[PDB]
Amino acid sequence: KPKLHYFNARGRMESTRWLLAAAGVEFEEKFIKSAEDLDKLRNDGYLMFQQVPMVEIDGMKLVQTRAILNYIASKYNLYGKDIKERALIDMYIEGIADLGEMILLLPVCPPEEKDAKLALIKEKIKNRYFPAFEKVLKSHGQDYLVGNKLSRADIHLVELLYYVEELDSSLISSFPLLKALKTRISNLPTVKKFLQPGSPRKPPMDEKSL
Amino acid sequence: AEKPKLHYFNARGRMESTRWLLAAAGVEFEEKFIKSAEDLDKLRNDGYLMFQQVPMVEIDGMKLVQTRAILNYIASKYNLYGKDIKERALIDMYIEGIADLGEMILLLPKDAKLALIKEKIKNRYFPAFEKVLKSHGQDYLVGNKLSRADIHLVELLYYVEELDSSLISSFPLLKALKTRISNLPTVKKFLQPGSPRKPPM
């Protein structure tokens with residue numbers, strides 16, 4: 001059972017929780033509560049770079065979000081079937097991670113910059129990223145982003161749709177195929193269970209958790 | 001067949017890691033340099049940039065954007081991405097740490113930021129890779145075989161030297177890796193003048 005080392009928050013660990021849940025993989029989380037508990041991990045040599053996310057899986061102590069995700073995606077066959085399919089997936093999810101990164105860092109923006117930053121996020125959502133993924137879906141007409149089969153690209157994108165909805169439920173309104181992808185993936189058995197109350201899914205980051 | 005075409009600007013930027021990787025693999029490539037804001041807009045309106053950005057690389061019938069999608073495909077095609085899923089995890093863990101440090105350096109272009117770059121090099125990143133090389137005592141970071149981790153790290157070793165030549169001095173195995181990799185024939189060519197390798201900006 002994979003053991004997830006982070007703090008009790010979405011942060012850089014949430015996308016891993018989503019991906020494991022969608023693959024129907026149960027995991028334990030060992031929450032950090034203190035600088036004390038983080039230094040315990042560092043001193044015990046558990047963090048190659050002195051950083052979390054860290055995941056204990058299959059004998060390894062994997063740090064770096066993208067090392068974790070790439071490994072979970074291959075293990076459970078959500079990475080496509082060849083390196084040309086992995087290149088489409090990689091191009092998609094790196095666009096997603098670029099937008100996700102902007103959203104993840106909004107609350108820590110300097111207060112005088114937050115209005116512009118959020119404005120920018122919305123402009124790129126509407127003009128850059130959502131048209132890109134809508135055009136992909138319109139291009140093959142299939143139910144999945146790559147290979148007409150479920151992959152990490154669908155999981156990562158739908159996860160981001162939920163965060164855009166939290167920011168502005170109007171932004172997806174002009175994108176019908178993204179809408180239909182959000183509902184179809186949400187109603188996959190493992191994803192629907194993860195979205196239901198009492199799962200490991202984490203809330204938005206309020207102030208005290210901040 | 002057609003050799004890959006790199007669409008970027010005439011600078012290191014986010015394309016240099018791809019220049020190093022193709023060259024160390026011994027793959028010849030062309031560069032179509034973006035010289036104006038009008039050149040970027042033509043690539044957009046032609047539909048060549050999924051997210052309207054460069055780096056973009058035309059290879060094997062695709063126009064791949066995002067540095068990491070490009071690198072992942074090239075590393076796999078030319079057998080520089082480990083032999084199994086577990087070796088990939090080690091490589092990925094290593095190279096993403098290198099990316100984190102490379103990212104700070106790439107965006108320096110201050111004294112406050114550079115002072116922090118230097119401290120994290122001496123006490124976080126350089127010890128981490130030295131530990132990996134001491135742990136197994138082999139010539140390459142992963143699997144006792146040249147991999148993209150070695151290429152990406154040694155390229156960064158070069159940029160750290162540009163910033164402060166003393167930062168490597170307490171790390172002998174990083175020094176040795178730098179020498180061995182730089183002496184591989186494809187990398188030694190790429191390091192010689194007149195290669196696509198790009199100067200500091």
# chains A, B, ... in the order shown; residues from 1 in each chain; ligands from 1

call {"tool": "interface_residues", "arguments": {"of": "chain B", "to": "chain A", "cutoff": "9 Å", "atoms": "only C-alpha atoms", "output": "count of residues only"}}
result
32

call {"tool": "select_by_dssp", "arguments": {"residues": "range 71-193 of chain A", "states": "alpha helix (DSSP H)", "output": "VMD selection string"}}
result
chain A and resid 71 to 75 83 to 105 114 to 124 130 to 140 152 to 167 176 to 186 189 to 193

call {"tool": "atom_distance", "arguments": {"atom1": "CA of residue 208 in chain A", "atom2": "CA of residue 35 in chain A"}}
result
15.6 Å

call {"tool": "residues_around", "arguments": {"residues": "residue 19 in chain A", "least_positions_apart": "2", "cutoff": "12 Å", "atoms": "only C-alpha atoms", "output": "ChimeraX atom specification"}}
result
/A:13-17,21-27,65,68-79,150-159,190-191,194,200-201

call {"tool": "write_last_selection", "arguments": {"atoms": "N, CA and C atoms", "output": "compact mmCIF listing (two decimals), in the first residue's frame"}}
result
# COMPACT_ATOMS: atom_id res chain seq x y z
N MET A 13 0.16 17.31 -3.60
CA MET A 13 -0.12 15.89 -3.43
C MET A 13 -1.47 15.50 -3.98
N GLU A 14 -2.36 16.47 -4.15
CA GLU A 14 -3.75 16.18 -4.52
C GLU A 14 -3.84 15.43 -5.85
N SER A 15 -3.02 15.80 -6.83
CA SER A 15 -3.13 15.16 -8.14
C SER A 15 -2.74 13.69 -8.07
N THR A 16 -1.87 13.34 -7.12
CA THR A 16 -1.53 11.95 -6.85
C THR A 16 -2.70 11.20 -6.22
N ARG A 17 -3.32 11.78 -5.20
CA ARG A 17 -4.55 11.21 -4.62
C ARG A 17 -5.58 10.90 -5.71
N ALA A 21 -6.73 7.11 -6.68
CA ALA A 21 -8.14 6.76 -6.50
C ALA A 21 -8.76 6.28 -7.81
N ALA A 22 -8.54 7.03 -8.91
CA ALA A 22 -9.11 6.63 -10.19
C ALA A 22 -8.60 5.26 -10.60
N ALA A 23 -7.38 4.91 -10.25
CA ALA A 23 -6.93 3.57 -10.56
C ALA A 23 -7.38 2.58 -9.51
N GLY A 24 -8.26 2.99 -8.60
CA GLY A 24 -8.75 2.06 -7.59
C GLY A 24 -7.64 1.51 -6.72
N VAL A 25 -6.66 2.34 -6.35
CA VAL A 25 -5.54 1.90 -5.53
C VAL A 25 -5.75 2.52 -4.16
N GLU A 26 -5.93 1.70 -3.13
CA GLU A 26 -6.04 2.29 -1.79
C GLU A 26 -4.65 2.61 -1.25
N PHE A 27 -4.56 3.73 -0.55
CA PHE A 27 -3.31 4.21 0.00
C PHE A 27 -3.52 4.77 1.40
N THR A 65 6.72 15.70 -7.61
CA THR A 65 5.37 15.37 -8.11
C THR A 65 5.42 14.56 -9.40
N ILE A 68 6.54 10.87 -9.10
CA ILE A 68 5.45 10.09 -8.54
C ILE A 68 4.40 9.80 -9.62
N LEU A 69 3.90 10.83 -10.29
CA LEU A 69 2.78 10.65 -11.21
C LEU A 69 3.16 9.75 -12.39
N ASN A 70 4.33 10.00 -13.01
CA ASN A 70 4.77 9.19 -14.14
C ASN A 70 4.83 7.71 -13.77
N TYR A 71 5.33 7.40 -12.56
CA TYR A 71 5.43 6.02 -12.11
C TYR A 71 4.05 5.40 -11.83
N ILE A 72 3.17 6.10 -11.10
CA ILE A 72 1.83 5.55 -10.87
C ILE A 72 1.10 5.35 -12.18
N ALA A 73 1.30 6.27 -13.14
CA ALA A 73 0.57 6.20 -14.40
C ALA A 73 0.98 4.97 -15.21
N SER A 74 2.27 4.64 -15.22
CA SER A 74 2.74 3.47 -15.95
C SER A 74 2.34 2.18 -15.25
N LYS A 75 2.55 2.12 -13.94
CA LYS A 75 2.22 0.92 -13.18
C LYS A 75 0.80 0.45 -13.46
N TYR A 76 -0.18 1.36 -13.37
CA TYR A 76 -1.59 1.06 -13.55
C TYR A 76 -2.12 1.37 -14.96
N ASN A 77 -1.25 1.44 -15.97
CA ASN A 77 -1.65 1.41 -17.38
C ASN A 77 -2.52 2.61 -17.74
N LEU A 78 -2.22 3.77 -17.16
CA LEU A 78 -2.90 5.01 -17.50
C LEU A 78 -1.99 5.97 -18.23
N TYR A 79 -0.93 5.45 -18.86
CA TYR A 79 0.06 6.25 -19.57
C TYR A 79 0.04 5.99 -21.08
N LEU A 150 -9.43 5.43 -21.30
CA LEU A 150 -9.14 6.27 -20.14
C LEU A 150 -7.64 6.31 -19.88
N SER A 151 -7.14 7.51 -19.57
CA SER A 151 -5.73 7.71 -19.24
C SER A 151 -5.59 8.81 -18.21
N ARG A 152 -4.35 8.99 -17.74
CA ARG A 152 -4.07 10.06 -16.79
C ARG A 152 -4.46 11.43 -17.33
N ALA A 153 -4.44 11.60 -18.65
CA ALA A 153 -4.78 12.92 -19.19
C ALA A 153 -6.21 13.31 -18.83
N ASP A 154 -7.13 12.36 -18.91
CA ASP A 154 -8.51 12.65 -18.51
C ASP A 154 -8.59 12.95 -17.02
N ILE A 155 -7.90 12.14 -16.19
CA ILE A 155 -7.97 12.34 -14.74
C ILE A 155 -7.43 13.71 -14.36
N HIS A 156 -6.23 14.07 -14.88
CA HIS A 156 -5.62 15.35 -14.53
C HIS A 156 -6.46 16.53 -15.01
N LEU A 157 -7.04 16.43 -16.22
CA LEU A 157 -7.83 17.53 -16.77
C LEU A 157 -9.12 17.72 -15.98
N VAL A 158 -9.83 16.63 -15.69
CA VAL A 158 -11.09 16.79 -14.95
C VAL A 158 -10.82 17.37 -13.57
N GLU A 159 -9.75 16.90 -12.91
CA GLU A 159 -9.36 17.48 -11.63
C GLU A 159 -9.25 18.99 -11.75
N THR A 190 -14.72 4.48 -9.77
CA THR A 190 -13.68 4.87 -8.81
C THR A 190 -13.62 6.38 -8.62
N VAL A 191 -13.85 7.16 -9.68
CA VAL A 191 -13.80 8.62 -9.53
C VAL A 191 -14.99 9.13 -8.74
N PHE A 194 -14.43 8.69 -5.16
CA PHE A 194 -13.47 9.67 -4.66
C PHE A 194 -14.12 11.04 -4.49
N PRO A 200 -10.49 10.56 0.53
CA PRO A 200 -9.25 11.31 0.78
C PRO A 200 -9.15 12.63 0.04
N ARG A 201 -10.07 12.92 -0.88
CA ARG A 201 -10.08 14.21 -1.56
C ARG A 201 -10.03 15.34 -0.54

call {"tool": "residues_around", "arguments": {"residues": "range 108-118 of chain A", "least_positions_apart": "4", "cutoff": "12 Å", "atoms": "only C-alpha atoms", "output": "VMD selection string"}}
result
chain A and resid 11 99 101 to 104 122 to 125 164 167 to 168 205 to 207 210

call {"tool": "select_by_dssp", "arguments": {"residues": "chain B", "states": "strand (DSSP E)", "output": "ChimeraX atom specification"}}
result
/B:5-9,30-34,56-59,62-65

call {"tool": "write_last_selection", "arguments": {"atoms": "N, CA, C and O atoms", "output": "short mmCIF file (atom, residue, chain, number, x, y, z; two decimals), in the first residue's frame"}}
result
data_model
loop_
_atom_site.label_atom_id
_atom_site.label_comp_id
_atom_site.auth_asym_id
_atom_site.auth_seq_id
_atom_site.Cartn_x
_atom_site.Cartn_y
_atom_site.Cartn_z
N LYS B 5 12.96 19.30 -36.37
CA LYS B 5 13.08 20.75 -36.49
C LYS B 5 12.70 21.41 -35.17
O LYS B 5 11.59 21.21 -34.66
N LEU B 6 13.65 22.16 -34.61
CA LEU B 6 13.46 22.87 -33.35
C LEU B 6 13.00 24.30 -33.62
O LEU B 6 13.73 25.08 -34.24
N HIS B 7 11.82 24.65 -33.13
CA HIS B 7 11.28 26.00 -33.25
C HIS B 7 11.43 26.65 -31.87
O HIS B 7 10.76 26.26 -30.91
N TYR B 8 12.30 27.65 -31.80
CA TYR B 8 12.56 28.44 -30.59
C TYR B 8 13.12 29.78 -31.02
O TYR B 8 13.04 30.16 -32.19
N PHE B 9 13.70 30.52 -30.07
CA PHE B 9 14.51 31.67 -30.44
C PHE B 9 15.98 31.32 -30.30
O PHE B 9 16.36 30.25 -29.82
N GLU B 30 17.57 20.41 -37.31
CA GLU B 30 17.53 21.78 -37.80
C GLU B 30 16.85 22.69 -36.79
O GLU B 30 16.00 22.25 -36.01
N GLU B 31 17.24 23.96 -36.79
CA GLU B 31 16.57 24.98 -35.99
C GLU B 31 15.97 26.02 -36.92
O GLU B 31 16.67 26.57 -37.77
N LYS B 32 14.68 26.30 -36.75
CA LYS B 32 14.05 27.44 -37.41
C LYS B 32 13.88 28.51 -36.34
O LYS B 32 13.01 28.41 -35.48
N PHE B 33 14.75 29.51 -36.39
CA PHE B 33 14.83 30.53 -35.34
C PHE B 33 13.70 31.53 -35.48
O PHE B 33 13.45 32.06 -36.57
N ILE B 34 13.01 31.78 -34.37
CA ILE B 34 12.04 32.86 -34.30
C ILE B 34 12.78 34.17 -34.07
O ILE B 34 13.52 34.31 -33.08
N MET B 56 8.76 24.36 -29.52
CA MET B 56 8.03 23.38 -30.30
C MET B 56 9.04 22.58 -31.13
O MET B 56 10.05 23.13 -31.58
N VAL B 57 8.77 21.29 -31.28
CA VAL B 57 9.69 20.40 -31.98
C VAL B 57 8.86 19.52 -32.90
O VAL B 57 7.92 18.86 -32.45
N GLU B 58 9.18 19.54 -34.19
CA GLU B 58 8.56 18.67 -35.18
C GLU B 58 9.40 17.40 -35.24
O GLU B 58 10.59 17.45 -35.56
N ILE B 59 8.80 16.27 -34.89
CA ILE B 59 9.53 15.01 -34.87
C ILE B 59 8.54 13.86 -35.05
O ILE B 59 7.48 13.83 -34.41
N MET B 62 4.80 14.64 -35.45
CA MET B 62 4.08 15.42 -34.46
C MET B 62 4.76 16.77 -34.30
O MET B 62 5.94 16.95 -34.63
N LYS B 63 4.00 17.73 -33.78
CA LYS B 63 4.51 19.05 -33.38
C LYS B 63 4.29 19.16 -31.87
O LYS B 63 3.24 19.63 -31.39
N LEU B 64 5.29 18.67 -31.14
CA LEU B 64 5.27 18.54 -29.70
C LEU B 64 5.65 19.88 -29.10
O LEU B 64 6.67 20.46 -29.49
N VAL B 65 4.79 20.41 -28.24
CA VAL B 65 5.13 21.51 -27.33
C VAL B 65 5.21 21.01 -25.89
O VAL B 65 4.83 19.88 -25.57
#

call {"tool": "closest_residue", "arguments": {"among": "B:75, B:141, B:167, B:151", "to": "residue 117 in chain B", "atoms": "only C-alpha atoms"}}
result
B:167
